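Engineer: Pasting in a structure now, in structure tokens, and then I'll have a few things to ask.
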Amino acid sequence: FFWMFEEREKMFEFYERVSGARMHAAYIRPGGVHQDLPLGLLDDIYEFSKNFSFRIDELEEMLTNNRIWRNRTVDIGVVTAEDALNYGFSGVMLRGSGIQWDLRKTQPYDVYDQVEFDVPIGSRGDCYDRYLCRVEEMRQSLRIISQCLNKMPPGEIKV
Amino acid sequence: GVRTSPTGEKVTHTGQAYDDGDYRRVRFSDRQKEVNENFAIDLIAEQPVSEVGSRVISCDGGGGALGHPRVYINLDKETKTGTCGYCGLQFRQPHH
Amino acid sequence: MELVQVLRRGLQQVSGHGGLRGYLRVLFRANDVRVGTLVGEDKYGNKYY
Amino acid sequence: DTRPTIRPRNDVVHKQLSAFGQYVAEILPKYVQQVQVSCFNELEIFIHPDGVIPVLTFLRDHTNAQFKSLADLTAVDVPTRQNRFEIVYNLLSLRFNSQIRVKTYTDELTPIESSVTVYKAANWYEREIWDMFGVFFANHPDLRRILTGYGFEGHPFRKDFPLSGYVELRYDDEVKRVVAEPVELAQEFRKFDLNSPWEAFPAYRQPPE
Amino acid sequence: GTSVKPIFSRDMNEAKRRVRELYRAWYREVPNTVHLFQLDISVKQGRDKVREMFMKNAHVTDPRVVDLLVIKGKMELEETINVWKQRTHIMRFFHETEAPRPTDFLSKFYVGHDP
Amino acid sequence: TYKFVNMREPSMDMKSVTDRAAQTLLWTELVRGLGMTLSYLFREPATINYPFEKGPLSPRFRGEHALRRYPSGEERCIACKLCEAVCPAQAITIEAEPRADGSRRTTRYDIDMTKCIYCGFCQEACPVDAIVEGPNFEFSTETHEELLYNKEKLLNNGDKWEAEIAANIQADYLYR
Amino acid sequence: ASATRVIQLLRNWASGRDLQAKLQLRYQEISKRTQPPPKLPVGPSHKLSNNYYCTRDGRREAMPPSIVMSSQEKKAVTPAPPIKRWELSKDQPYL
Amino acid sequence: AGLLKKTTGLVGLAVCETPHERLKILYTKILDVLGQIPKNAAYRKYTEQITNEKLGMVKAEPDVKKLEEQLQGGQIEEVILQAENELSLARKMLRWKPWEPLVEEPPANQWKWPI
Amino acid sequence: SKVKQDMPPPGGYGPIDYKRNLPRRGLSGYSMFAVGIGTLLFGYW
Ligand code: SF4
Ligand code: SF4
Ligand SMILES: [Zn+2]
């Protein structure tokens, strides 16, 4: 909780530095974002992204291979892949069960298509598979962050 | 300027002042009626009348983009002083 | 030798905070032990470190 | 390019969706009334209420249709039309990834058959409509109120229902409990008069009479 | 136009039947909801509230409307029976904190502008 | 593209089974986490000494609303009521009037802080940068009436947090 | 809120890594908070010529939903061509 | 099939070790059910077309891996699952009978949406 | 003056690790059992 919540506070700092409030940005408006980022924001994002994986794996080692984290969570409440999609389940809930579906790739809104990334696809459809999918989504998120950070073009902020 | 009410309350720049009976004054006992002393009515009057010598004068309120939108007041009427509606500085021809 | 070095620094901060009285006052009132450069002083009486 | 601000136009998806619209119109002429595809490549199918179960099943089961995901289920109250309430079913395909929308109409009283069986996700969505628009659903497994407070009244999303509701609740020491009282605002909602009296879009002008 | 679709009941008689055992359930319920919810309501003054609410919608004559009131009372019955409802909501029918409202025109004129 | 997350099935040689039996019996991953948390124990504690030290902020920070004024001292608000028409929570109320001098200032300008949702829409709506949100967040009050601000209270806020707002605007007007 | 080498080696061995490369802390490497005034760029339609809004409006260039079939030998057509199969992860196919 | 694939990848269904005969029997059954369906119905034409095409390709190519490739339906397990669903659909709307003309027109302007 | 804003450095940015670099540490299971049994045996002696 607390170890990653310090990093969440670091995220809140960026939220504050771009929009003006650490939680409720009101940033992304119709016709593009409200206003440009402050100078130096990209560098701080770069440092945080450098430092984040070394604690993502740190959380993993505490939870992933632990006996009682798995035992309380592994193969409890299976959800069938067929019965998942009829139930209107979405997101990792689908990906945990095993359907290869993700709106970021199949129906790429904005510039998600130009961004290269793999999705974590579940194996047993249980609680533990979904948790691992969330963590692998953390890591692929870091890779996506690197890609967008390296290739931001020059242009206006609103239409 | 801020002046005291007959009861004793400090009148506001809008002219608000609770009257004699005016049961809604218990709010101020054991407290204070917050009034701002820097009255905008008089803090603009003592400013000097600018004597710029041209027919039509631009005014943004100072600070460029930080001021008010640029308005072109007309320094035509000889019997009075033109003023920007936003800020309020009085502009006048230098006695023609 | 960093252990005796940090011991020396811990005994140095007790001298930096105006001796024992100032150090104890700072510890009890501000919950702080370290000493920083005085970057300024306001009119109301607050030291900025 | 020449149009850097205007959104890109994808006519291929438009033609292909129109072809599938003609397909589905021919397959089920009993319930389908009017199919059309929007400019932004989103197809909508206007069906008769009796086709809530059949059409959906055909969209859920058919090999060449293959829609098994209930994205959402919604009602849109509009008091003007004779049957005020209109229900929208949003389906997403997996094998043939795409979004389809089927729309039906009902008034306050005429019930509309509950899907549930075609899409077991509809259930809770279904309840919402009943608890939010008054549209009762025939043989729904449990059509109890879902969202609003206990012992509520009316159906708030009805456009006649006031913004502030009818009754608030607050502590009363005289009875030592939270009690419900008729509405008495401390400051009334100011209803601004937007929608300037000048025509915006000549394309969507209503024909005269 | 005049022809319409029913919900359950075909004619006034069968909807009249449904309200019958709805009142049956409310009667058999009132005492043990007084007991269970620790109500300050009394048994008789519990039953008469049910009777007055049933008499409140006396003017209804359309069948479909009667099915609607009966199914809404059915939802009310489920909400009460399995303790999903709370004591305050049960009291909500009884208007305690609500001050008495005058009825005569003269009192209306004395109070303020209202029809 | 995609990656399978958990298909790494184990082998069954003597070495692998001995290792797994040791890990299950001689608790190892347990000890792994037990030692990681130890590493975090000896680390430098992340903690800011409030109120002696405050959290980092940005010049765009949205906080207490305030009514600024021109360098001449005249209030910038010309009561266009744009901010009232913008506030999604309708927390702003203005009554205007032709002043004794004439400039159309607000007879009443109150912001209901308990209705306000602190969005910064009013300042970006203001065409004279009259209404703004100061960097202050230290106005937690005791009575509900204390939160409901008045025109005089807003003017006092703009006259107390003024060097702050001027400096922040000077460092932010280019972005906006 | 760096430490002693004796503790530095203890935490690294217990954590089984070289954490000095990057700590959860953030030292002087942060971006300066007094950046120079940025000169923001402009958009495409900033020229003073051939910027007629008639050839640039997006809202005005929106037609009503195209009616296909109304109540007033073609083969079988699918809503979309069947979606292909994604590729395995080249980097880490299996975690 | 060589080594039969262990898991299809979707936990909602298992592997069919003999898929070709399953495709054959389900396709033949649904072709029978469409033979029930009257000739004039467009549903019978479209579904008989796609199904006889599918049966032709499945009986032509006997390699399962290429069967999925030219079947563009992923793993053969979800293909026979979809075939069962198609059978079910045809059977279920055999008596729904949608080939008839529209039940009735919508009432006046029930679809125009500028209000 | 030329237009400037928050931009990546011209050399882009340094690589950002995302692969799970969970470390591997520990003796062989045979070694662990052997050392436990040896400590036991010394204790019993
Ligand atoms: S931030 Fe200002 S404009 Fe926005 S809702 Fe709050 S008071 Fe109104
Ligand atoms: S937008 Fe600014 S000038 Fe207009 S009424 Fe509000 S505070 Fe006054
Ligand atoms: Zn001016």
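Which chain is which? The protein sequence lines are 1D, 1R, 1q, 1C, 1W, 1I, 1r, 1V and 1Z, in order. Just so you know, the authors' numbering puts the end of the first sequence at 325, numbered straight through with nothing missing. Just so you know, the authors' numbering puts the end of the second sequence at 96, numbered straight through with nothing missing. Just so you know, the authors' numbering puts the end of the third sequence at 49, numbered straight through with nothing missing. Just so you know, the authors' numbering puts the end of the fourth sequence at 214, numbered straight through with nothing missing. Just so you know, the authors' numbering puts the end of the fifth sequence at 128, numbered straight through with nothing missing. Just so you know, the authors' numbering puts the end of the sixth sequence at 176, numbered straight through with nothing missing. FYI, in the authors' numbering the residues of the seventh sequence are 1 to 72, 90 to 112. Just so you know, the authors' numbering puts the end of the eighth sequence at 115, numbered straight through with nothing missing. Just so you know, the authors' numbering puts the end of the ninth sequence at 48, numbered straight through with nothing missing. Using N, Cα and C, we set each Cβ at its ideal position, and we do this for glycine too.
Since residue 155 (chain 1D) meets chain 1V, which of its residues come closer than 9 angstroms, beta carbon to beta carbon?
Structural biologist: The structure shown does not extend to residue 155 (chain 1D), since chain 1D is modelled only from 167 through 325, so no value can be given for it.
Engineer: Here's a check: name, in chain order, each residue in its chain whose Cβ is nearer than 7 angstroms to the Cβ of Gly67 (chain 1R), leaving out the five neighbours to either side.
Structural biologist: Within the second sequence, residue 67 (chain 1R) is the residue found at index 67, counting from 1. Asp60 and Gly61.
Engineer: According to DSSP, is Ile92 (chain 1I) helix, strand or coil?
Structural biologist: Counted from its first residue, the sixth sequence places residue 92 (chain 1I) at position 92. Strand, per DSSP.
Engineer: Using a Cβ cut-off of 7 angstroms, pull out every chain 1Z residue sitting near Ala125 (chain 1I), in sequence order please.
Structural biologist: Residue mapping note: residue 125 (chain 1I) aligns to position 125 of the sixth sequence, counting from 1. Residues of chain 1Z passing the Cβ test: none, with the nearest at roughly 24 angstroms.
Engineer: Give, in chain order, every unbroken run of the beta strand (DSSP E) that is at least 3 residues long and sits entirely within the segment 43-128 of chain 1C.
Structural biologist: DSSP runs (the beta strand (DSSP E)) wholly in the segment 43-128 of chain 1C: 48-52, 75-82, 90-97 and 104-111.
Engineer: Using the beta-carbon of each residue, which ones in chain 1Z are nearer than 9 angstroms to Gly206 (chain 1D)?
Structural biologist: Working through the first sequence from its first residue, we reach residue 206 (chain 1D) at position 40. Those within 9 angstroms of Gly206 (chain 1D) in chain 1Z are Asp9.
Engineer: With a threshold of 8 angstroms (Cβ to nearest heavy atom), would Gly88 (chain 1R) be considered close to ligand 3?
Structural biologist: Stepping through the second sequence from its first residue, residue 88 (chain 1R) is reached at position 88. The answer is yes for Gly88 (chain 1R).
Engineer: My understanding is that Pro115 (chain 1W) touches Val124 (chain 1W), with C-beta atoms under 8 angstroms, so please give their C-beta distance in whole angstroms.
Structural biologist: Counted from its first residue, the fifth sequence places residue 115 (chain 1W) at position 102. Counted from its first residue, the fifth sequence places residue 124 (chain 1W) at position 111. Confirmed, about 7 angstroms.
Engineer: Under a Cβ-count criterion, where at least 16 other Cβ atoms within 10 Å of its own Cβ denotes burial, should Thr111 (chain 1C) be classed as buried or exposed?
Structural biologist: Numbered from 1 along the fourth sequence, position 106 holds the residue referred to as residue 111 (chain 1C). Classification for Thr111 (chain 1C): buried.
Engineer: Is the beta carbon of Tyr181 (chain 1D) within less than 8 angstroms of some heavy atom of ligand 1?
Structural biologist: Taking the first residue of the first sequence as position 1, residue 181 (chain 1D) is located at position 15. Result no, Cβ not under 8 angstroms from ligand 1.
Engineer: Please name the residues in the segment 2-18 of chain 1r whose beta-carbon is closer than 7 angstroms to at least one beta-carbon of chain 1I, in chain order.
Structural biologist: Answer in chain order: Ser2, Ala3, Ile7, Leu10, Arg11, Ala14 and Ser15.
Engineer: So, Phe91 (chain 1R) versus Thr79 (chain 1R), is the Cβ gap smaller than 9 angstroms?
Structural biologist: Position 91 of the second sequence, counted from the first residue, corresponds to residue 91 (chain 1R). Position 79 of the second sequence, counted from the first residue, corresponds to residue 79 (chain 1R). Their beta carbons are not under 9 angstroms apart, which means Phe91 (chain 1R) does not touch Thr79 (chain 1R) by this criterion.
Engineer: Please report the residue range of the beta strand (DSSP E) in which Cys59 (chain 1R) lies.
Structural biologist: Working through the second sequence from its first residue, we reach residue 59 (chain 1R) at position 59. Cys59 (chain 1R) -> beta strand (DSSP E) spans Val56 to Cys59.
Engineer: Judging by CA-CA distance, which residue of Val281 (chain 1D), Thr246 (chain 1D), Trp169 (chain 1D) and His190 (chain 1D) is the nearest neighbour of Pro45 (chain 1I)?
Structural biologist: Looking up residue 45 (chain 1I) in the sixth sequence gives position 45. The shortest C-alpha separation from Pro45 (chain 1I) is found at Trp169 (chain 1D).
Engineer: Do you know offhand how far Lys216 (chain 1D)'s Cα is from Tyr44 (chain 1q)'s?
Structural biologist: The residue labelled residue 216 (chain 1D) in the question sits at position 50 within the first sequence. The residue labelled residue 44 (chain 1q) in the question sits at position 44 within the third sequence. Rounded to the nearest angstrom, the two C-alpha atoms are 43 angstroms apart.
Engineer: Can you say whether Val123 (chain 1C) is buried or exposed, counting buried as having 16 or more other CB atoms within 10 angstroms of its CB?
Structural biologist: Sequence index remark: in the fourth sequence, residue 123 (chain 1C) carries index 118 (1-based). Classification for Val123 (chain 1C): buried.
Engineer: Compute the beta-carbon to beta-carbon distance between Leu75 (chain 1R) and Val56 (chain 1R), rounded to the nearest angstrom, for a pair I have assumed lies under 8 angstroms.
Structural biologist: For the purposes of this step, residue 75 (chain 1R) is taken as residue 75 along the second sequence, with counting starting at 1. For the purposes of this step, residue 56 (chain 1R) is taken as residue 56 along the second sequence, with counting starting at 1. Yes, they are in contact, since the Cβ atoms of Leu75 (chain 1R) and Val56 (chain 1R) sit about 7 angstroms apart, within 8 angstroms.
Engineer: Mind the definition here: the segment 224-240 of chain 1D touches the segment 253-261 of chain 1D only if three or more C-beta pairs lie below 8 angstroms; say whether that holds.
Structural biologist: Touching, no, given that fewer than three Cβ pairs across the two stretches are closer than 8 angstroms.
Engineer: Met14 (chain 1I): which of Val132 (chain 1I), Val5 (chain 1I) and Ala22 (chain 1I) sits nearest, CA to CA?
Structural biologist: In the sixth sequence, counting from the first residue as 1, residue 14 (chain 1I) sits at position 14. For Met14 (chain 1I), the nearest C-alpha among the options comes from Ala22 (chain 1I).
Engineer: Contact between the segment 113-127 of chain 1C and the segment 136-146 of chain 1C is defined here as three or more beta-carbon pairs at a separation below 8 angstroms; is this criterion met?
Structural biologist: The segment 113-127 of chain 1C, when compared against the segment 136-146 of chain 1C, does touch it at the 8 angstroms Cβ threshold.
Engineer: May I have a chain-ordered list of the alpha helix (DSSP H) segments no shorter than 4 residues that lie completely inside the segment 11-93 of chain 1V?
Structural biologist: Complete alpha helix (DSSP H) runs here, min 4: 19-36, 42-60 and 64-71.
Engineer: Whole angstroms are fine: how far does the CA of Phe42 (chain 1I) sit from the CA of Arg28 (chain 1Z)?
Structural biologist: Translated into positions along the ninth sequence, residue 28 (chain 1Z) becomes position 25. Translated into positions along the sixth sequence, residue 42 (chain 1I) becomes position 42. Cα-Cα distance, rounded: 20 angstroms.
Engineer: Looking at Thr1 (chain 1I): is its Cβ nearer than 9 angstroms to the Cβ of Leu105 (chain 1r)?
Structural biologist: Residue mapping note: residue 1 (chain 1I) aligns to position 1 of the sixth sequence, counting from 1. Residue mapping note: residue 105 (chain 1r) aligns to position 88 of the seventh sequence, counting from 1. Their beta carbons are under 9 angstroms apart, which means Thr1 (chain 1I) touches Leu105 (chain 1r) by this criterion.
Engineer: When Cβ atoms are compared, which residues of the segment 13-34 of chain 1Z fall closer than 9 angstroms to chain 1D?
Structural biologist: Those residues of the segment 13-34 of chain 1Z that come within reach of chain 1D (Cβ to Cβ, closer than 9 angstroms) are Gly15, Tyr16, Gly17, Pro18, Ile19, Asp20, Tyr21, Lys22, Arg23, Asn24, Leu25 and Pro26.
Engineer: Buried or exposed for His17 (chain 1q), going by 16 or more other Cβ atoms inside 10 Å?
Structural biologist: Position 17 of the third sequence, counting from 1, holds the residue named residue 17 (chain 1q). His17 (chain 1q) should be labelled buried.
Engineer: With three or more beta-carbon pairs closer than 8 angstroms as the criterion, would you say the segment 75-82 of chain 1C touches the segment 17-34 of chain 1C?
Structural biologist: At 8 angstroms Cβ cutoff, the stretches do not touch.
Engineer: Is the Cβ of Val6 (chain 1Z) closer than 9 angstroms to any Cβ of chain 1r?
Structural biologist: Position 3 of the ninth sequence, counting from 1, holds the residue named residue 6 (chain 1Z). Interface residue, yes.
Engineer: Which word fits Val184 (chain 1D), buried or exposed, when buried means at least 16 other C-beta atoms lie within 10 angstroms of its C-beta?
Structural biologist: As a working note, residue 184 (chain 1D) is residue 18 in the first sequence. So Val184 (chain 1D) ends up on the buried side.
Engineer: With a threshold of 9 angstroms between beta carbons, is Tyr175 (chain 1I) in contact with chain 1R?
Structural biologist: Translated into positions along the sixth sequence, residue 175 (chain 1I) becomes position 175. It does not: the Cβ of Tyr175 (chain 1I) has no partner Cβ on chain 1R nearer than 9 angstroms.
Engineer: Assuming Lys62 (chain 1W) and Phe106 (chain 1W) make a contact with CB atoms under 8 angstroms, what is their CB distance in whole Å?
Structural biologist: For this step, residue 62 (chain 1W) is matched to residue 49 along the fifth sequence. For this step, residue 106 (chain 1W) is matched to residue 93 along the fifth sequence. Rounded, the Cβ-Cβ distance is 6 angstroms, consistent with contact.
Engineer: Is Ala1 (chain 1r) buried or exposed, if buried means 16 or more other CB atoms sit within 10 Å of its CB?
Structural biologist: For the purposes of this step, residue 1 (chain 1r) is taken as residue 1 along the seventh sequence, with counting starting at 1. Counting Cβ neighbours within 10 Å, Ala1 (chain 1r) comes out exposed, since fewer than 16 surround it.
Engineer: Any heavy atom of ligand 1 closer than 8 angstroms to the CB of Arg188 (chain 1D)?
Structural biologist: Mapped onto the first sequence, residue 188 (chain 1D) falls at position 22. No; taking the cut-off as 8 angstroms, the Cβ of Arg188 (chain 1D) has no heavy atom of ligand 1 nearer than that.
Engineer: DSSP has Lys3 (chain 1I) in a bridge; who is on the other side?
Structural biologist: Indexing the sixth sequence from 1 puts residue 3 (chain 1I) at position 3. According to DSSP, which records beta bridges pairwise, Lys3 (chain 1I) is partnered with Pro286 (chain 1D).
Engineer: Using a threshold of 8 angstroms, is the CB atom of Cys84 (chain 1R) nearer than that to any non-hydrogen atom of ligand 5?
Structural biologist: Ligand 5 is not part of this structure, which contains only ligand 1, ligand 2 and ligand 3.
Engineer: Check whether the Cβ atoms of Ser103 (chain 1I) and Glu138 (chain 1I) sit closer than 9 angstroms, and answer yes or no.
Structural biologist: By one-based count along the sixth sequence, residue 103 (chain 1I) stands at place 103. By one-based count along the sixth sequence, residue 138 (chain 1I) stands at place 138. It is not a contact, given that the beta carbons lie outside the stated cut-off.
Engineer: Using only the alpha-carbon positions, how far apart do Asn231 (chain 1D) and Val184 (chain 1C) sit?
Structural biologist: As a working mapping, residue 231 (chain 1D) is identified with position 65 in the first sequence. As a working mapping, residue 184 (chain 1C) is identified with position 179 in the fourth sequence. Using only the alpha carbons, I get a separation of about 53 angstroms.
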